[PDB]
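Undergrad: Heads up: the sequence shown is residues -3 to 602, going by the deposited numbering.
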Amino acid sequence: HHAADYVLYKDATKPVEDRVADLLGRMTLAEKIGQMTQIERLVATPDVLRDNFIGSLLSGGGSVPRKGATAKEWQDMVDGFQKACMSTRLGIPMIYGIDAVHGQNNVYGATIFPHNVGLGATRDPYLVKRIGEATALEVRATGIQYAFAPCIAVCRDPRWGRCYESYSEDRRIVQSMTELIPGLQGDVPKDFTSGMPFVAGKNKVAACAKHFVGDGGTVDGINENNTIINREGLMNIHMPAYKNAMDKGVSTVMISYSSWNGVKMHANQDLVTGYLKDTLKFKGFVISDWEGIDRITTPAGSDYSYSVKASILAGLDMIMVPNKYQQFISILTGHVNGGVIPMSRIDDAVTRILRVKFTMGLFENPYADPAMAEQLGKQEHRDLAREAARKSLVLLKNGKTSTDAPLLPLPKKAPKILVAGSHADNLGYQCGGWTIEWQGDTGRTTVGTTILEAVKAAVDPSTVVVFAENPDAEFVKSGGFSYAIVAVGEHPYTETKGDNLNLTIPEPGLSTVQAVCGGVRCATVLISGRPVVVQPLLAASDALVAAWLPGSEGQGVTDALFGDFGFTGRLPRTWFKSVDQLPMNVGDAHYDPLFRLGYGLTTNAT
Ligand SMILES: *[C@@H]1O[C@H](CO)[C@@H](O)[C@H](O)[C@H]1NC(C)=O
Ligand SMILES: *[C@@H]1O[C@H](CO)[C@@H](O)[C@H](O)[C@H]1NC(C)=O
Ligand SMILES: *[C@@H]1O[C@H](CO)[C@@H](O)[C@H](O)[C@H]1NC(C)=O
Ligand SMILES: OC[C@H]1O[C@@H](O)[C@H](O)[C@@H](O)[C@@H]1O
Ligand SMILES: OC[C@H]1O[C@@H](O)[C@H](O)[C@@H](O)[C@@H]1O
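#1: Give me whichever residues DSSP pairs with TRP571 in a beta bridge.
#2: Quick check on the burial criterion: 16 or more other C-beta atoms within 10 angstroms. Buried or exposed for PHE144?
#3: What does a CB cutoff of less than 6 angstroms around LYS277 pick up in its chain, not counting 5 residues either side in sequence?
#4: From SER83, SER388, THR500, pick the residue whose C-alpha is nearest to that of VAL528; which is it?
#5: Considering just the uninterrupted stretch of the beta strand (DSSP E) at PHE208, what are its terminal residues?
#6: May I have all residues whose beta carbon comes closer than 6 angstroms to any heavy atom of ligand 1, sorted in chain order?
#7: Distance check for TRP286 and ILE218, CA to CA, integer angstroms please.
#8: Quick one, which of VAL97, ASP588, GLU220, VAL209 has its alpha-carbon nearest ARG227's?
#9: Keeping to the same chain, check which residues put their C-beta closer than 6 angstroms to that of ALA410; ignore five residues upstream and five downstream.
#10: Using only CA atoms, which one of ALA519, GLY525, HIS419, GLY547 lies nearest to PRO504?
#11: Across the stretch 36 to 50 and the stretch 389 to 399, are there enough close Cβ pairs to call them in contact, namely three or more that are closer than 8 angstroms?
#12: Suppose you measure from the CA of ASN319 to the CA of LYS374; what does that come to, to the nearest Å?
#13: Quick one, what's near ligand 5 if you take every residue whose CB is closer than 7 angstroms to any heavy atom, in chain order?
#14: Where are the alpha helix (DSSP H) runs, 4 residues long or more, that stay fully inside the stretch 254 to 341, in chain order?
#15: Report the CB separation of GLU165 from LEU593 in whole angstroms; it is logged as a contact under 8 angstroms.
#16: In angstroms, rounded to a whole number, what distance separates the CA positions of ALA469 and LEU406?
#17: Pick out whichever of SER298, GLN435, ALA0 has its Cα sitting closest to the Cα of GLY424.
#18: Would you decide whether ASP437 is buried or exposed? Buried here means 16 or more other CB atoms lie within 10 Å of its CB.
#19: Just to confirm the assignment, what range does the beta strand (DSSP E) spanning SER55 have?
#20: Measuring alpha carbon to alpha carbon, tell me which of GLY139, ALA539, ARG291 ends up nearest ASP72.
#21: Which parts of the stretch 20 to 88 are runs of the alpha helix (DSSP H), unbroken and 4 residues or longer, counting only runs that do not cross its ends?
#22: For ligand 2, any of its heavy atoms closer than 7 angstroms to the Cβ of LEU392?
#23: Between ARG517 and the rest of its own chain, which residues show a CB-CB distance below 7 angstroms, the 5 nearest in sequence each way excluded?
#24: Under the three-state reduction of DSSP, which class applies to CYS159: helix, strand or coil?
#25: Please state the DSSP three-state secondary structure of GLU383.
#26: Would you decide whether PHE188 is buried or exposed? Buried here means 16 or more other CB atoms lie within 10 Å of its CB.
#27: Among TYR142, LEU133, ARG168, which has the Cα closest to the Cα of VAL150?
#28: Along the chain, which unbroken stretches of the alpha helix (DSSP H) at least 4 residues long are found entirely within the stretch 109 to 152?
#29: Is the number of C-beta pairs between the stretch 377 to 393 and the stretch 334 to 343 that are closer than 8 angstroms three or more?
#30: Tell me which residues share the same chain as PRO121 and place their Cβ nearer than 7 angstroms to its Cβ, disregarding the 5 neighbours each side in the sequence.
#31: Helix or strand or just coil, what does DSSP make of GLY93?
#32: The beta strand (DSSP E) spanning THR520 covers which residue range?
#33: I'd like to confirm the pairing. Which residues does DSSP put opposite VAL249 in its beta bridges?
#34: In the DSSP assignment, what are the bridge partners of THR223?
#35: Does the Cβ-Cβ distance between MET82 and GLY51 come in under 8 angstroms?
#36: What does DSSP give as the partner residue(s) for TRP544 in the beta ladder?
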């Protein structure tokens, strides 16, 4: 279709499938295996990318070009890598992935939205869609084209360190929140075939339904462990939201470290190929988790040859290596040369990777848009995160007795008030894990507003605000306070560090709540990724709010505490009486909750 040097795959007017086939037919085995290889930016260089024909890069949690980097620094980094990939013989652009799981959360100055458990509490799929839309803009602000979200785990045991990444223990709520996907990627057209990948263009990102499948079903909530459940239960609880994801054109699916009835998901051909590809008709690409193939074996990494064989034969398309790419490529090349993995399997993998790249426009826009840098941390998106944080709050108690005056809403005008607790003025704590660092961090780690700052921004000018992190009982009684707001809870964690058999908050939290509430009427704000042992906090407090991990916009919290809006959030999970009850789910025989799924008190805006 015209000039003498015409190449069909480079022609933006051609159908995606024609472009995929034209490119695939030209590729060497080295070029094919390169597309299947995703590496960390920490090990990437221009020569490595060109020489190994690398298909993808990622930043893991905390993998950043430098601390405090601007949106422009991220774009320049990603473009540097892209320039090397575009300089290969065939000029196939790489796709760069990152965990933008509550906003573009590795990036300094990005808006940080509430984590998924709090979004489940909103029962507002359209809010979640809008969060996906804003997240895509802030990811593209940094030049990145692919987010490893949503996590559609159905957490069935809150002792799991990733329970906060699950919208709900109720699969119906998780299915509803798959609206994140068309927010991140754009709405699919009228015609759309379920299972096809979709991204609208350069202002949207490829998404990733993860982690397939039953990651939220593991024994005792042990992260990466075994999910012991029959097929009916797997299909009724853990699978349904994957189908909604196919219907919404999710571009990629990431496999789980977990096992199902003792079979590693990363080696499960029946589920990855038999079910996801052949039954759900998924036509995007399947990516491993990080060293996911290594962890098929015990010990992990003890037979990397088998890891490669088992995962590629199971049907995985792209491997998040992410560091030992020379070994990965060498082993896989050996398997193909030896006939152990057929060329048909390689060609399927590359067909799916190329299909996503062409569909999303990556060959037409391989480089970042400098005009998008200013989308990072935009006030409109902070206003959305503030709405979301407010809607996520669940009011658990509002007066010690049913005849006391309701404590909330609090008045904005009072002579003197106390703000207290380890979580009242700690932006890192209020964001939780997957914020700036992999495991999150403590203190002022990014741009945002802590609960204390939000209180100071809300109250009348005549209201004197005193902050004390851990006041003793006498300080409070002698202080002439009208009321206190005390915020306590979990410290940030991610993945196995978050697995927790006791679910009791760190001290001094309960002691601070008891000291404060013993001296003046108090509203306790509990920051956590999950239900935690709460009876002692409830007993001490006039009012108690479960605020989950509300993100950078602490004014979401004070918007409800001071009655600008009423409380509307409802528990998206069961609140247990004791960890000895666990697992305990709405439907079980011994179902004896402290607060059932769907519980939440309300207030009216003042
Ligand atoms: C589950 O955890 C136990 C204890 O750490 C471990 O030894 C076992 O291998 C794990 N099982 C799976 C399927 O990961
Ligand atoms: C509760 O579990 C957490 C994480 O496993 C731990 O850090 C804390 O000290 C535990 N308390 C116990 C085991 O008594
Ligand atoms: C909030 O509003 C409605 C009136 O529309 C009422 O039924 C509910 O009890 C109200 N509660 C309070 C405390 O005003
Ligand atoms: O899977 C474990 C890895 O996850 C990645 O997101 C992080 O960047 C690494 O620090 C961590 O070791
Ligand atoms: O950062 C890359 C990956 O790290 C792994 O540790 C997590 O399990 C994935 O959810 C994440 O996408």
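Note that beta-carbon positions come from the ideal geometry of N, C-alpha and C, so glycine has one too.
TA: Answer, in terms of the structure:
#1: The sequence position of residue 571 within the sequence shown is 575, counting from 1. DSSP, once it has assigned bridges, lists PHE591 as partnering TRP571.
#2: For this step, residue 144 is matched to residue 148 along the sequence shown. It counts as buried.
#3: Counting from 1 along the sequence shown, the entry for residue 277 is found at position 281. Taken in chain order, the residues that qualify are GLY191.
#4: Here residue 528 is taken as the residue at index 532 of the sequence shown, counted from 1. It is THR500 whose Cα lies nearest to the Cα of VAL528.
#5: Your numbering for residue 208 matches position 212 in the sequence shown. From DSSP, the beta strand (DSSP E) with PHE208 extends over 204 to 208.
#6: That query returns the following residues: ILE218, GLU220, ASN221, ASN222, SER255.
#7: Position 222 of the sequence shown, counted from the start, is the residue given in the question as residue 218. Position 290 of the sequence shown, counted from the start, is the residue given in the question as residue 286. Looking at the two C-alpha atoms, the distance is approximately 18 angstroms.
#8: For the purposes of this step, residue 227 is taken as residue 231 along the sequence shown, with counting starting at 1. Here the closest residue by C-alpha is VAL209.
#9: Start at 1 with the first residue of the sequence shown, and residue 410 comes out as number 414. Shown here for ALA410: same chain residues with a beta carbon closer than 6 angstroms to its own, the five before and five after excluded, namely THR459, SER478 in chain order.
#10: Here residue 504 refers to the residue found at position 508 when the sequence shown is read from its first residue. Its Cα nearest to that of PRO504, the residue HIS419 stands out among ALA519, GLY525, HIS419, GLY547.
#11: The stretch 36 to 50, when compared against the stretch 389 to 399, does not touch it at the 8 angstroms Cβ threshold.
#12: As a first step, residue 319 is located in the sequence shown; it is residue number 323 there, counting from the start. As a first step, residue 374 is located in the sequence shown; it is residue number 378 there, counting from the start. When rounded, the distance between both Cα atoms is 34 angstroms.
#13: Checking every Cβ against the heavy atoms of ligand 5 under 7 angstroms gives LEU54, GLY56, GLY57, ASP95, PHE144, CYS147, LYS206, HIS207, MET250, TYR253, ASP285, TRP286, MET316, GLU491.
#14: Taking only runs of at least 4 residues, the alpha helix (DSSP H) segments lying wholly in the stretch 254 to 341 are 300 to 310, 321 to 333.
#15: As a position in the sequence shown, residue 165 is number 169, starting the count at 1. As a position in the sequence shown, residue 593 is number 597, starting the count at 1. Contact holds; Cβ gap of about 7 angstroms.
#16: Looking up residue 469 in the sequence shown gives position 473. Looking up residue 406 in the sequence shown gives position 410. So the alpha carbons of these two residues sit roughly 22 angstroms apart.
#17: The residue given as residue 424 occupies position 428 in the sequence shown. Closest option to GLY424, Cα to Cα, is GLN435.
#18: Counted from its first residue, the sequence shown places residue 437 at position 441. Buried, by the Cβ-count rule.
#19: Stepping through the sequence shown from its first residue, residue 55 is reached at position 59. Segment 52 to 55, the beta strand (DSSP E) holding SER55.
#20: As a working note, residue 72 is residue 76 in the sequence shown. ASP72 has its Cα closest to that of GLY139, out of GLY139, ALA539, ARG291.
#21: 25 to 31, 42 to 47, 67 to 82
#22: Against the sequence shown, residue 392 aligns to sequence position 396. No.
#23: Here residue 517 refers to the residue found at position 521 of the sequence shown. Around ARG517: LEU403, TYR479, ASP538.
#24: One-based indexing of the sequence shown puts residue 159 at position 163. Helix, per DSSP.
#25: Here residue 383 refers to the residue found at position 387 when the sequence shown is read from its first residue. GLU383 falls in the helix class under three-state DSSP.
#26: Here residue 188 is taken as the residue at index 192 of the sequence shown, counted from 1. So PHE188 counts as exposed.
#27: One-based indexing of the sequence shown puts residue 150 at position 154. Checking every option, the nearest Cα to that of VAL150 belongs to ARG168.
#28: Secondary structure within the stretch 109 to 152: the alpha helix (DSSP H) runs of 4 or more consecutive residues, fully enclosed, are 112 to 118, 121 to 137 (chain order).
#29: Taking one beta carbon from each stretch, the stretch 377 to 393 and the stretch 334 to 343 have fewer than 3 pairs nearer than 8 angstroms; the two do not touch.
#30: For the purposes of this step, residue 121 is taken as residue 125 along the sequence shown, with counting starting at 1. Within the same chain, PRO121 has close Cβ partners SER172, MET173, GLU175.
#31: Translated into the one-based positions of the sequence shown, residue 93 becomes position 97. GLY93 falls in the strand class under three-state DSSP.
#32: Within the sequence shown, numbered from 1, the residue matching residue 520 stands at position 524. Its beta strand (DSSP E) spans residues 518 to 523.
#33: Counted from its first residue, the sequence shown places residue 249 at position 253. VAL249 pairs with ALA205, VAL282.
#34: Within the sequence shown, the letter at position 227 stands for residue 223. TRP256, per the DSSP bridge assignment.
#35: For this step, residue 82 is matched to residue 86 along the sequence shown. For this step, residue 51 is matched to residue 55 along the sequence shown. Not a contact, by the Cβ cut-off of 8 angstroms.
#36: Along the sequence shown, read from residue 1 onward, the residue named residue 544 stands at position 548. Answer is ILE523.
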